[PDB]
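Taking it in order: structure first as structure tokens, then the write-up.
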Amino acid sequence: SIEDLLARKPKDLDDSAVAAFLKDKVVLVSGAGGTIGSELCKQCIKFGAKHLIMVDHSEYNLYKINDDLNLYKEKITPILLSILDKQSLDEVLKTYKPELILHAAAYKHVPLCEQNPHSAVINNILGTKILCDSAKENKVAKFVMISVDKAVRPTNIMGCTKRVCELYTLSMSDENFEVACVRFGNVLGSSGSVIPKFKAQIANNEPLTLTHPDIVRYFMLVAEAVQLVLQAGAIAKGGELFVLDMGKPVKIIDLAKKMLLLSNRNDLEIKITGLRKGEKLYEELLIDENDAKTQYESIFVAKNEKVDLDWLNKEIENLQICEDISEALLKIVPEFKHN
Amino acid sequence: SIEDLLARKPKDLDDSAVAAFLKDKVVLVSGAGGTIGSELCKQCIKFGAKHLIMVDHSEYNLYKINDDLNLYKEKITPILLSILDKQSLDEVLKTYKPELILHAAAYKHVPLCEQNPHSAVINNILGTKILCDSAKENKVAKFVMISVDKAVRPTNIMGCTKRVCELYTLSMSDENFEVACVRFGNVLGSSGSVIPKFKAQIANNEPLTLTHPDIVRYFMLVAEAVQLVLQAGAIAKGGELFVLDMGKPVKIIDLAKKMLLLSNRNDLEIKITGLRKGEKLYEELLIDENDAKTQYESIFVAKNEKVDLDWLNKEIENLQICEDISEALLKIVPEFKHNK
Ligand SMILES: NC(=O)c1ccc[n+]([C@@H]2O[C@H](COP(=O)([O-])OP(=O)(O)OC[C@H]3O[C@@H](n4cnc5c(N)ncnc54)[C@H](O)[C@@H]3O)[C@@H](O)[C@H]2O)c1
Ligand SMILES: NC(=O)c1ccc[n+]([C@@H]2O[C@H](COP(=O)([O-])OP(=O)(O)OC[C@H]3O[C@@H](n4cnc5c(N)ncnc54)[C@H](O)[C@@H]3O)[C@@H](O)[C@H]2O)c1
Ligand SMILES: O=c1ccn([C@@H]2O[C@H](COP(=O)(O)OP(=O)(O)O)[C@@H](O)[C@H]2O)c(=O)[nH]1
Ligand SMILES: O=c1ccn([C@@H]2O[C@H](COP(=O)(O)OP(=O)(O)O)[C@@H](O)[C@H]2O)c(=O)[nH]1
Ligand code: NA
Ligand code: NA
Ligand code: NA
Ligand code: NA
Ligand code: NA
Ligand code: NA
Ligand code: NA
Ligand code: NA
């Protein structure tokens with residue numbers, strides 16, 4: 001498959017380290033039924049968690065991960081809930097008392113977040129704030145947030161919201177509440193992504209729609225990225241911003257041409273449709289020459305400074321009442337260059 | 001195919017009636033990316049709506065229906081929003097001023113709603129209240145809610161919530177804000193349903209899991225159910241509880257055996273796993289002998305009495321904080337017999 005070709009095959013996967021980290025923990029995964037969340041759930045079971053609390057607001061996604069894990073039904077609890085509902089979330093944390101939260105709930109589609117910037121702010125930034133605050137209040141030991149390469153020097157609403165989430169969570173970290181954020185690039189074949197789009201175009205005898213002939217993305221298999229996130233979480237002492245080594249990036253045109261070749265449909269045209277609002281031709285390379293190494297060659301630690309939460313809480317209030325979200329985000333993330 | 005075999009093929013589908021109802025309207029569909037919602041969206045485009053506002057809190061679902069309708073992108077607006085967010089929802093209604101709301105957003109899985117009764121209450125009852133209240137305040141002309149056979153003499157939290165939603169919306173109907181609810185039974189191949197589960201078990205060489213050898217459901221194709229919902233909305237004058245003729249029910253064991261035969265499997269067993277909490281062996285037959293006929297042989301009107309909205313609103317406030325949801329629902333819906 002195209003997925004096989006573009007896998008990272010990291011040499012530094014470490015099952016026993018992840019097992020030592022997760023063994024007999026109560027773990028709560030937000031966005032449990034999503035592309036990333038579902039793989040986190042599966043690896044929590046694989047690596048010995050005692051009790052998995054699966055939180056998702058999408059009933060089909062929750063249904064599906066719970067069904068996928070039916071052999072482990074006695075050790076999993078499906079919680080149908082938005083992380084925006086602080087009272088209910090608080091009751092869940094009090095009831096089950098997780099020691100680890102893995103936070104993979106967010107809105108991610110760049111065009112939809114450009115079209116719905118208030119909902120992006122609410123779901124991503126406020127959702128993160130509510131979940132992180134409830135975690136810290138309820139004495140959750142460790143909190144790992146999934147982040148993304150689009151958070152680095154962002155040019156779109158989505159990526160900027162994730163950068164605010166990084167600032168918030170990392171600035172919450174202290175001696176009793178250890179926070180890590182892990183940035184990585186595209187996961188092969190995630191929900192609503194380019195590979196399934198191109199497969200559907202081919203199955204329907206449609207030209208492939210390519211945004212720009214030069215566009216590239218970095219890719220990893222979901223199982224690779226997730227296990228590396230868990231390795232990073234295991235070694236985290238709190239306050240770390242981790243970045244994953246994605247390998248070489250992939251030109252999307254080469255992806256398109258390879259899928260046409262694999263399907264034997266080279267009679268199909270590749271049609272160029274144009275770069276979309278806020279879209280980058282090349283996402284930022286994650287690992288900086290001054291980032292710190294870890295014991296895993298695939299995981300580095302990027303610099304981050306805490307911000308004053310009295311400031312950031314005020315600005316988060318502002319984002320909820322302001323007439324121009326793009327301008328309000330720029331006040332928090334001065335490197336935001338909204339395309 | 002199995003869906004072909006179980007299609008209702010109603011004789012009284014009326015394309016020109018639906019077109020007359022929908023042409024040049026601004027229509028908002030809640031749950032627009034869902035099984036029912038997505039078909040509503042597709043039919044709104046087919047039958048001539050001017051502008052479709054698609055509201056869904058699930059980003060993938062919204063993405064998918066917006067993508068499916070890409071040839072019509074200039075007349076559709078994807079709104080990534082929970083209907084529980086009243087302030088944002090009011091802004092949408094004030095901005096776009098839909099004339100018709102088709103309400104297909106809910107949680108429907110009986111087992112998950114048994115496990116998460118508070119979220120079933122909030123998403124179904126409070127969501128419906130917020131959307132219905134906003135619609136009436138924003139002078140939406142007509143509001144059509146999707147309901148279900150499980151709302152009749154309910155035995156599970158899900159079905160009981162939908163019953164409360166019927167009571168609320170119908171009690172809000174007046175001379176200026178016309179409400180209809182439409183009950184129907186199972187849609188063939190819906191999200192997370194038995195046919196996809198059986199298909200996946202067969203494709204992965206697993207025994208089929210059957211809850212009980214005698215269990216039956218009523219089935220219709222999604223396009224048939226949705227067109228009849230729209231025909232019902234079209235003829236509604238406000239306050240109607242409509243029910244669809246589903247035809248004969250289907251034993252799930254016969255469904256299982258037919259799926260095995262369609263794939264020439266004689267290697268797979270059917271394993272009986274048991275009736276789940278709140279589950280009925282036979283959902284209620286929707287058409288009562290005293291229901292009123294309409295001009296469509298597939299659509300009838302059931303009796304329903306308005307309730308006092310000041311009382312029902314107090315009950316809804318209580319449902320949000322109470323410890324005893326099953327008991328609280330029974331106080332609102334006296335015919336609720338919770339199969340615990
Ligand atoms: N897919 C990728 O390629 C990729 C790569 C790197 C990082 N990420 C990041 O990981 C995160 C998730 O991505 P994904 O691909 O799994 O997306 P997804 O949409 O498949 O999964 C997210 C899950 O979170 C749930 N959810 C969203 N908002 C919620 C809320 N308020 N409460 C409860 N549940 C909620 C969704 O229903 C869904 O099941 C995003 O921030 C994304 O940017 C994704
Ligand atoms: N599927 C069937 O067989 C069937 C038959 C008859 C009636 N119904 C009823 O129709 C309704 C929808 O069923 P379905 O099969 O389409 O389910 P579904 O889960 O496929 O679709 C529901 C949609 O509503 C969305 N949604 C849910 N809560 C929301 C909220 N708060 N705000 C915005 N969006 C929200 C979901 O994301 C989803 O896309 C349910 O009440 C169900 O009982 C279903
Ligand atoms: O129909 C499509 C969809 C996506 N893309 C490109 O494929 C890459 C991956 O897009 P996807 O939606 O998978 O993920 P994103 O990088 O936006 O998170 C991006 O460079 C897109 O511009 C494309 O060329 N055609
Ligand atoms: O694995 C399954 C799932 C469902 N069912 C039965 O199939 C019918 C339809 O179930 P579905 O989940 O499709 O819809 P529901 O009727 O619960 O809305 C019901 O009688 C279920 O008990 C079954 O026998 N095995
Ligand atoms: Na090891
Ligand atoms: Na999967
Ligand atoms: Na399975
Ligand atoms: Na369980
Ligand atoms: Na401070
Ligand atoms: Na006609
Ligand atoms: Na579909
Ligand atoms: Na559009």
Side-chain angles (χ1 to χ4, degrees), chain A residues 31 34 57 82-84 105-131 145-169 191-192 211 274-280 283 312-339, chain B residues 28 30 32-33 51 53-67 73 76-96 134:
Chain A
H57 69 177
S82 177
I83 62 174
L84 290 164
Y107 290 152
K108 64 170 179 172
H109 279 263
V110 171
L112 283 175
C113 289
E114 295 300 311
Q115 291 170 123
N116 294 274
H118 182 263
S119 289
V121 163
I122 298 296
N123 198 242
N124 291 357
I125 298 172
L126 194 66
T128 292
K129 168 172 168 63
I130 295 174
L131 180 62
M145 187 178 81
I146 307 291
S147 192
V148 63
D149 61 1
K150 305 210 195 318
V152 183
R153 290 178 287 282
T155 59
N156 48 70
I157 299 285
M158 188 285 285
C160 201
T161 66
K162 297 288 302 192
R163 180 56 180 152
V164 176
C165 292
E166 291 176 349
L167 294 168
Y168 193 88
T169 58
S191 62
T211 57
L275 284 181
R276 299 166 297 173
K277 183 183 195 310
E279 191 156 36
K280 292 184 184 181
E283 304 290 347
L312 184 52
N313 281 317
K314 182 273 189 328
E315 291 302 338
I316 292 171
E317 293 281 13
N318 180 236
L319 282 169
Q320 296 168 75
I321 61 173
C322 62
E323 105 259 66
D324 190 325
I325 287 164
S326 181
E327 283 307 285
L329 285 167
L330 182 54
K331 296 194 81 223
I332 303 165
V333 179
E335 72 269 24
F336 181 39
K337 282 168 180 54
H338 194 184
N339 279 19
Chain B
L28 182 152
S30 68
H51 190 192
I53 304 127
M54 300 179 303
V55 174
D56 208 297
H57 72 175
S58 163
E59 189 185 41
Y60 173 74
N61 286 355
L62 186 60
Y63 164 86
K64 184 59 165 61
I65 186 53
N66 184 252
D67 192 71
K73 69 176 180 198
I76 73 189
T77 298
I79 301 293
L80 187 54
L81 177 63
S82 173
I83 59 173
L84 288 159
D85 183 347
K86 181 186 174 301
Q87 170 192 293
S88 291
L89 179 69
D90 289 339
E91 185 66 19
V92 173
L93 293 190
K94 282 172 51 182
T95 293
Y96 294 108
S134 189

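Every chain is numbered from 1 and lettered A, B, ... according to where its sequence line falls, protein lines coming before strand lines.
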For residues 83-92 of chain B, pull every pair meeting salt bridge (charged side-chain N to carboxylate O under 4.0 Å, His left out), keeping only residues two or more places apart or in separate chains. B:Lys86-B:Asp90
Salt bridge (charged side-chain N to carboxylate O under 4.0 Å, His left out): pairs with one or both residues in residues 115-124 of chain A, sequence neighbours excluded: none
Test side chain to side chain contact (heavy atoms under 4.5 Å, CB included) applied to A:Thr128 - qualifying residues, sequence neighbours left out: A:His103, A:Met145, A:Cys165, A:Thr169
Who are the salt bridge (charged side-chain N to carboxylate O under 4.0 Å, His left out) partners of A:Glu166, not counting sequence neighbours? A:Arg163, A:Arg183
Taking all heavy atoms of B:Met54 and all of B:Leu62, pick out the closest pair and write down the distance. O-CD1, 3.5 Å
Return each pair, listed once, that meets side chain to side chain donor-acceptor pair (under 3.5 Å) where at least one residue sits in residues 318-329 of chain A; pairs must be two or more places apart or across chains. A:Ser326-A:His338
Look up atom OG in B:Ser58 and atom CD1 in B:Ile65, then write down how far apart they are to the nearest 0.5 Å. 12.0 Å
Rounded to the nearest 0.5 angstrom, the OG-CG distance for A:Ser82 and A:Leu131 is 10.0 Å
Do A:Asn123 and A:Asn116 come within less than 4.5 Å of each other through their side chains, counting heavy atoms only? no
With rounding to the nearest 0.5 Å, note down the distance linking NZ in A:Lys280 to CZ in A:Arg153. 6.5 Å
The residue among A:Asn156, A:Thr155, A:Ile157 that forms side chain to side chain contact (heavy atoms under 4.5 Å, CB included) with A:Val110 is A:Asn156
With a 4.5 Å limit on heavy-atom distance, are the side chains of A:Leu312 and A:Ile316 in contact? yes
Counting N and O atoms only, with roles assigned by atom type, does the side chain of A:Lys108 sit under 3.5 Å from a partner on the main chain of B:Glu59, one being a donor and the other an acceptor? no
Least distance between heavy atoms, B:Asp56 atom then B:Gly33 atom: OD2-N, 2.9 Å
State whether the side chain of A:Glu315 and the backbone N or O of A:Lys331 hold a donor-acceptor pair below 3.5 Å, judged by distance alone. no
Polar side-chain atom of A:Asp149 near backbone of A:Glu283 as donor-acceptor pair, under 3.5 Å: no
Of the non-hydrogen atoms in A:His109 and A:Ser191, which two are nearest, and what is the gap between them? NE2-O, 3.9 Å
From CA spacing to verdict: side chain to side chain contact (heavy atoms under 4.5 Å, CB included), A:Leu319, A:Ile332: CA-CA 10 Å; A:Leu319 282 169; A:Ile332 303 165; 3.6 Å; yes
Value rounded to 0.5 Å, distance of NE2 in A:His118 from CD1 in B:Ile79: 12.5 Å
Residue pair A:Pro154 / A:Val333: nearest heavy atoms and the distance that separates them: CG-CG1, 4.1 Å
Once you round to the nearest 0.5 Å, how far does OG of B:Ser88 lie from CG of B:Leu81? 5.5 Å
Kindly say whether B:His57 contributes a backbone atom to a donor-acceptor pair with the side chain of A:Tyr107 at under 3.5 angstrom? yes
Please check: side-chain N/O of A:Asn124 versus main-chain N/O of A:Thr161, any donor-acceptor pairing under 3.5 Å? no
How far apart are the closest heavy atoms of B:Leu89 and B:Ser134, and which atoms are they? CD2-CB, 4.0 Å
Shortest non-hydrogen pair, A:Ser147 vs A:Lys162, comes out as CA-CE, 4.1 Å
Just to verify, what does A:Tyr168 make a side chain to side chain donor-acceptor pair (under 3.5 Å) with, not counting sequence neighbours? A:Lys129, A:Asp133
Please examine the side chains of A:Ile122 and A:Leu84, heavy atoms only from C-beta on, and report whether any two atoms are closer than 4.5 Å. yes
Crowding at NZ, A:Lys277 (>12 non-hydrogen neighbours, <6.0 Å): yes
